[PDB]
Amino acid sequence: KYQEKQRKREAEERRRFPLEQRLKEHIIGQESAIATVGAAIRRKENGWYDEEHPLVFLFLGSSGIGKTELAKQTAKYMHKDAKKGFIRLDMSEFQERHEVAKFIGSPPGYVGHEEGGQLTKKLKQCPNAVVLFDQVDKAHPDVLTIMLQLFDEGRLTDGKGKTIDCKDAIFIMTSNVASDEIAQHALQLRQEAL
Amino acid sequence: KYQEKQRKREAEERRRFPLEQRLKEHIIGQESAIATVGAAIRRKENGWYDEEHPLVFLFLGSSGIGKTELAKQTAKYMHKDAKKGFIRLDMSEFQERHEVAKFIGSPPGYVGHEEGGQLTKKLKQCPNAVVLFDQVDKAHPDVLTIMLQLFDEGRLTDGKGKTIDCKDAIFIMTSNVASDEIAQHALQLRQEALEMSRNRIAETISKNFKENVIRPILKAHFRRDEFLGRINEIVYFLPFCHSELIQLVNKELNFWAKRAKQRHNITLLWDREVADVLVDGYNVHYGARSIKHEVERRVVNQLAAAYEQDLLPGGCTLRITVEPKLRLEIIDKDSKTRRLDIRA
Amino acid sequence: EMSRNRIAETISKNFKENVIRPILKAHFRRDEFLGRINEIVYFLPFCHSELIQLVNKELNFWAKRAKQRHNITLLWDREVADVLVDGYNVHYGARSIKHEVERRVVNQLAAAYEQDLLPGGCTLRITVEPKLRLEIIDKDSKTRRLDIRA
Ligand SMILES: Nc1ncnc2c1ncn2[C@@H]1O[C@H](COP(=O)(O)OP(=O)(O)OP(O)(O)=S)[C@@H](O)[C@H]1O
Ligand SMILES: Nc1ncnc2c1ncn2[C@@H]1O[C@H](COP(=O)(O)OP(=O)(O)OP(O)(O)=S)[C@@H](O)[C@H]1O
Ligand SMILES: [Mg+2]
Ligand SMILES: [Mg+2]
């Protein structure tokens, strides 16, 4: 009964000042994006999410219109100022195919094997973290192939064979792909609306 | 006599509810794949398998059509919830030649040598495990060269020299190689079947496609004919027909109805028109995941918004209805079916 | 070609030294390593007679298992081997014949054994209907195809 009362109090607190208003304090425009991200996170926090499959976003748009800002404020909403629950990874570092060792660490018998992976350590520290694969369109596509197991099922085995359950995470992928097409279509729709 | 009686009882249990029906509970469509995998595992469990060479599958097809799901349910059939007997290995981690150390440890005089290999340890723990090399094509082909010894004879010598017998294992290899070709050929065959059906009303992947189209594509990607020769059954997962899409939407809506009834006690209901509306969100490339995401967008977000607003009390009948926008409708009597005002 | 022309009326050293020797030197990268090898032995693909022999070998293996374990006298015709040769692939070799025998013949045997259509001691016969079909033979020439349900 105490846990149910605490859950009801947390639900009332979320209903008082939800993620939509909290993003509207920091984000201007992007009402469709705030609505989509808030609806998905509302589905997650209320327990209406498939626990087997983690939540995954791909923020598309032009430059400097709040993709990384909405991802950061999403991570701040879920985990407050705790730095453990915001696993930033700027994917412009991941341009070559062989940059997956940063994700998963080195195999046995190679330099950096004892240090293990970086993302797998950060997800061991916080399984439900908001991972922000920022600038995802700058990495190799073969490097993004590692995210298949991490997105469908929330698992990523390190170099030492230790798999980490990342099912409660919220993966976000900022991208400038189709930025010109989205911008031209939005300007065309706004001119037609005018 | 007791062992023979237990074997006969296990055989009667398998005949009562075989792997085909147990897969058809979860998997929808893919009757060729379920038939192939079921016939192979029936050959294995009834003792009609060569004990020297392990059984090796290659699951080919488009994205999100039950390759990894059928592999997981195959492993659950063979070993129940025992995690030892399901050695998952996401092969997208193996994108470089030097990633075979995860399989076979490290040599003497190097870091990680005492820990030994990971797959060889897991196969020492369970020799007859269902090893799922998920997304095998995303690994380096030189990394797949280690699987030759492990597929032809079931052996994988670690860094410490300790060989492990893996002959009873059921290796499964999910891959999206020739996914576009399999999808286009299946859609072409369905179009030809519909053409012949309407022509008659007016009054199966062929081996040539496997040998002429898919075999060169596999030989190009895997780069080794011996690796493809070791595979016992290259299974072909086809895209979903429209009936299979309606069945997938009904499966997802039944999943959310079960969650709503168990957790929150909300008898969630819907019409056939709801499934027909949600089928329009199906993307051929993404497969069943598009239906799951469409159900999460259209249906489940409304359920979460109504639950957060305390509009779905316990014990309420909640019918989804097409207005095409889906709209919830809490029910109290026969005529009383009020729509819920889900504020922003 | 020469045989049919005459009726109408081995790897050569040059191939080893010209074709195979550069490929070996390219892969192994060391003429000393190849010079230490006493005998580079060449295994050739299977002729059609050798494919029928391989199919007979695999069917004899499954016949030995059926007789030893379950006491089932498995039998087959030359047409059965001729049908199963079509599953041969030159790229995969004898493994293709093993997989074809396991697909066509032995899945049906396992389905019949699970369904108790193969008691201890029965002259079972594979037969071309081309689909292979089992035919349990009773005493005398009485035969019947097994109704292997799904
Ligand atoms: N809609 C917005 N409302 C308020 N501040 C914004 C908004 N969009 C961007 N900013 C500011 O822009 C700066 C960084 O912008 P980002 O958050 O990087 O946007 P973005 O779309 O990632 O594009 P990039 O350059 O292509 S990676 C921050 O200081 C934010 O304050
Ligand atoms: N035929 C199906 N019947 C029921 N559920 C399915 C089916 N196909 C896929 N799913 C669901 O889809 C989700 C994952 O699908 P997978 O098992 O990844 O399929 P897949 O074909 O491996 O493709 P990938 O993306 O290329 S690795 C799971 O939650 C399954 O429930
Ligand atoms: Mg950014
Ligand atoms: Mg998969």
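Counting convention: from 1, in listed order, for ligands and their atoms alike. In what follows, every heavy atom counts, from backbone to side chain, and hydrogens, waters and symmetry copies are set aside. Residue numbering restarts at 1 for every chain, and letters A, B, ... go by the order of the sequence lines.
When distances from atom 29 (O) of ligand 1 to the protein are checked, no heavy atom turns up under 4.0 Å. Protein heavy atoms come within 4.0 Å of atom 2 (C) of ligand 1. Protein heavy atoms are absent from the 4.0 Å sphere centred on atom 10 (N) of ligand 1. Distances from atom 13 (C) of ligand 1 to the protein include no heavy-atom value under 4.0 Å. Within a 4.0 Å radius of atom 6 (C) of ligand 1, the protein has no heavy atom.
For B:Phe103 and B:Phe94, the ring centers are positioned less than 6.0 Å apart. The aromatic ring centres of A:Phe151 and A:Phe171 sit less than 6.0 Å apart.
Screening residues 22-39 of chain B for side-chain hydrogen bond (donor to acceptor under 3.5 Å, both in side chains), with sequence neighbours left out, gives B:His26-B:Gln73. Each salt bridge (charged side-chain N to carboxylate O under 4.0 Å, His left out) pair with one or both residues in residues 48-58 of chain A, not counting sequence neighbours, appears once here: A:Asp50-B:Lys292, A:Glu52-A:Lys167.
Ion pairing between A:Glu20 and A:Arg42 holds under the 4.0 Å rule for side-chain N and carboxylate O. For A:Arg155 and B:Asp90, the salt-bridge test passes: some basic side-chain N is under 4.0 Å from an acidic carboxylate O. At a threshold of 4.0 Å, the pair B:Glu308-A:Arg15 does not count as salt-bridged, since none of the basic side-chain nitrogens sits closer than that to a carboxylate oxygen. Comment: B:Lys72 does not engage B:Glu69 in a salt bridge, judged by the lack of any side-chain N to carboxylate O separation of less than 4.0 angstrom.
For NZ of B:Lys121, the number of neighbouring non-hydrogen atoms (other residues, nucleotides, ligands) closer than 6.0 Å is 12 at most.
Between A:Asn176 and ligand 1, a contact under 3.5 Å exists for at least one N or O pair.
Listing protein N, O or S atoms at distances below 2.8 Å from the Mg ion (ligand 4), with waters left out, gives B:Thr68 OG1.
Comparing A:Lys24, A:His26, A:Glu25, A:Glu69 by heavy-atom distance to atom 4 (C) of ligand 1, the nearest is A:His26. Looking at A:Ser62, A:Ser175, A:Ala33, A:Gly66, it is A:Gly66 that brings a heavy atom closest to atom 19 (O) of ligand 1. Nearest residue to atom 21 (O) of ligand 1 from A:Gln135, A:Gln30, A:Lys67 is A:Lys67 (criterion: closest heavy atom).
Between A:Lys72 and ligand 1 there is no heavy-atom distance shorter than 4.0 Å. At a 4.0 Å cut-off, at least one heavy atom of A:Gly64 sits close enough to ligand 1 to count as contact. Ligand 1 lies nowhere less than 4.0 angstrom from a heavy atom belonging to A:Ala71.
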*After noting the C-alpha distance and the side-chain angles of B:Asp225 and B:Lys219, does the key distance pass the salt bridge (charged side-chain N to carboxylate O under 4.0 Å, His left out) rule?*
CA-CA 6 Å; B:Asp225 63 331; B:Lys219 180 57 171 62; 5.9 Å; no
*B:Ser63 vs B:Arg289, side chain to side chain donor-acceptor pair (under 3.5 Å): CA-CA, chis, key distance, verdict*: CA-CA 8 Å; B:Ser63 313; B:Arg289 301 184 206 274; over 6 Å; no
*salt bridge (charged side-chain N to carboxylate O under 4.0 Å, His left out) between A:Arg97 and B:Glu96: does it pass, once the steps are laid out?*
CA-CA 8 Å; A:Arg97 183 181 295 178; B:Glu96 302 297 340; 5.1 Å; no
Got a list of side-chain donor-acceptor pairs under 3.5 Å for residues 78-85 of chain B, not counting sequence neighbours?
| from | atom 1 | to | atom 2 | distance (Å) |
| --- | --- | --- | --- | --- |
| B:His79 | ND1 | B:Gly85 | O | 3.0 |
| B:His79 | NE2 | B:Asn128 | O | 3.1 |
| B:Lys84 | NZ | B:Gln125 | O | 3.4 |

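Atoms of ligand 1 lying under 4.0 Å from at least one heavy atom of A:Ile27, given by number and element, are 1 (N), 3 (N).
Looking only at protein heavy atoms, the nearest one to atom 18 (O) of ligand 1 is A:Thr68 OG1, 3.6 Å.
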